[PDB]
Structure formats: C-alpha cells, structure tokens
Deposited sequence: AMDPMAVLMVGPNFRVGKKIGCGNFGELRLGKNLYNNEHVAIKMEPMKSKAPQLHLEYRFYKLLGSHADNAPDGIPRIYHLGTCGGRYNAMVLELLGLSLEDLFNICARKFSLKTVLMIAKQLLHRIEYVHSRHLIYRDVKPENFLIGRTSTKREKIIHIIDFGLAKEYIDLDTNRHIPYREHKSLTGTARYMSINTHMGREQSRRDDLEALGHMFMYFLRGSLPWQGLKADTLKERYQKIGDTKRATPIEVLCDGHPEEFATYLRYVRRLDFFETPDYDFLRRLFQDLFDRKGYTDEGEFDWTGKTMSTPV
C-alpha cells in the first residue's frame, strides 16, 4: 500500500531472495513485469551497470533481439531502493533440470546447445564477455506469450567489455585477477586467475552441456575447508580429467568441442559456425526433429 516505481508499475510479492526480485504490474497495459531492486547504500553495487550492459544489447523496451529480455524502466523505489523493471520469464534450465529428474536427453541438450551458441555469439558481437555461466541464468519464455520454446539469457552484472574504449583493441592479457562466477562450470583458466575471454564462456557452456548429459560433474561434492581451498580442489580436479573420459557416454562431438574451446587463445576468434555445425550434424544423423519438443514440454 503501495510500492511504486514510476507512476505506472506497481510492485507485488517478493519472488526472489540479498538483491530481492519482485513481481509487478503495468497499470497501463496490464502486463506482468519483473522488478529487480537494490539498496541505495550498497557497498560495490551493480544494478546500474547491469542496465548499461542491457542497453548495449538493445534491448530497449520494444525492440529486444530474440533471447534477450526487454528492459522497461530504470527508476527508484521509496524509500532507499534503486529498481530495474524488465521482462517476466518462465522457469530456468536448472528448474527444468530438476523437473526432468536431473537428466536431459541428447536431443534436448543439442537443442539447448544450438540456441545458446547463437545466444552467446550475439553477446560477443556486442563486444561483451558474459563470465557468469550457470543453468540458473537461462530461462524459457512464459507459456502465455508463445515463447515457451525460447531459451533466454539474463544476469549481466558480472560482464566485461573485451573491446577497449581507448586504442579500440582487445583488452590486454593480465593475470592474478580475482575469481568470479560459479566454480562448478567455470573454465580451467579462470581457476588460475587468468583474465577471461570469449574462449572461457564457451568452455563453461561445454561444462554445462556435460552436466546435462551426465547428471553431475566429477568435481561434485568436493567439499572442504575454506572458500579459497574449495575453489582450488575443484580447479585442480578439472585439469586432471581427460575429455575422452569426461564424455565417456557419449558422442565424440562433445570431446572435440571441449578440446577446441580449451586450446583456443585469449585473443583468438571462435568459429561459432563450426561448433554449431558439429551438433547440427549429429542432430540430423540421429534423425531428430525441431518442433520445440523438449523433454519438459509437457511437465510443469
């Protein structure tokens, strides 16, 4: 009674956890929107710069390229609260994972991979590196707006421009950087504290595709001591795992993909066509059909 960002959108029930995600309603169009808030007194915030990365994809209210959530408004709530109003989406691949008993079929993974390699290619074309690959950040569209067969990409607060503003070239190779995203999927180089490039997004994607096919990754419940020790035991286990073994199931297409994205150079430009050509070939060599029929396209 009554939380309000911009005389238009009325906030609703809290639908997300330290940043708070909330439901909203466009009182003009009766749309249902997603509202991401941030306490004004936040040590090292990131809501504003996430909005900035969204503008570069543009992604500006009406436009929004496919797979990108529309951005409606950037305002403030109350009351010590900065807010970004964006598009409402459906469940994530991790939600759908648990729905499908934590095991995706080859057909689904291939369909997933096809979309993501496209999705992640567009991000790179807009001079950005994602750096936060995990199943929780890929959401299907709402069934209401016939986009239930579209995988979206969100959460851009941890992204970086790999094209420098001055010099207009690729960012220089530096090391001893921190340690960003999710240790479950992050690349080998990331563990070593190396600066992330376009190659490191793809390796994490590959790690994730494996997670889908297998059930989990061999560096699973490696739990011990401190957080700095937790990341180490995971990273030290990734470098001691042959790709011929990680994909032991399992078409060689996932083995050659992983070798490609790992042996890439920091500055080198990936062949997205070729990577998509490997999965599409295997797809049709199995005789699959692309109607939008995922494993979950009936379940909750």
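- Residues of the deposited sequence lacking C-alpha coordinates fall in the stretches 1-5, 23-24, 308-312, numbered from 1.
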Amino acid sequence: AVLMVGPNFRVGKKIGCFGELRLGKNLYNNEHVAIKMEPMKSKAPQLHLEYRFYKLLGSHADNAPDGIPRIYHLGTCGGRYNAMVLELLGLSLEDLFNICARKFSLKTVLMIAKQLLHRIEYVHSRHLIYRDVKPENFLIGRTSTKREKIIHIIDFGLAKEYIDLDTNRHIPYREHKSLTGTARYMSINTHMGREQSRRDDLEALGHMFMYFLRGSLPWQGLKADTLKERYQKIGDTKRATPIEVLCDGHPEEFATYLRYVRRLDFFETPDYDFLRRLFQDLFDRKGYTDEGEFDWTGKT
From here on, numbers count along this sequence of modelled residues.
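- According to the PDB record, 173-181 carries the higher mean C-alpha B-factor of the two stretches 173-181 and 96-104.
- In this entry, 56-64 shows the higher mean Cα temperature factor of the pair 258-266 and 56-64.
- Residues shown: 202, 133, 224, 139. Highest C-alpha temperature factor in the entry: 224.
- Highest C-alpha temperature factor among 126, 73, 230, 114 per the entry: 230.
- In the PDB entry, a CA B factor belonging to the highest third of its chain's modelled residues is recorded for residue 77.
- The deposited CA B-factor of residue 152 belongs to the lowest third of values across its chain.
- When all modelled residues of the chain are sorted by CA temperature factor, residue 220 is found within the highest third.
- Ranked by C-alpha B-factor against the other modelled residues of its chain, residue 166 falls in the highest third.
- Among the modelled residues of its chain, residue 214 has a C-alpha B-factor that falls in the middle third according to the deposited record.
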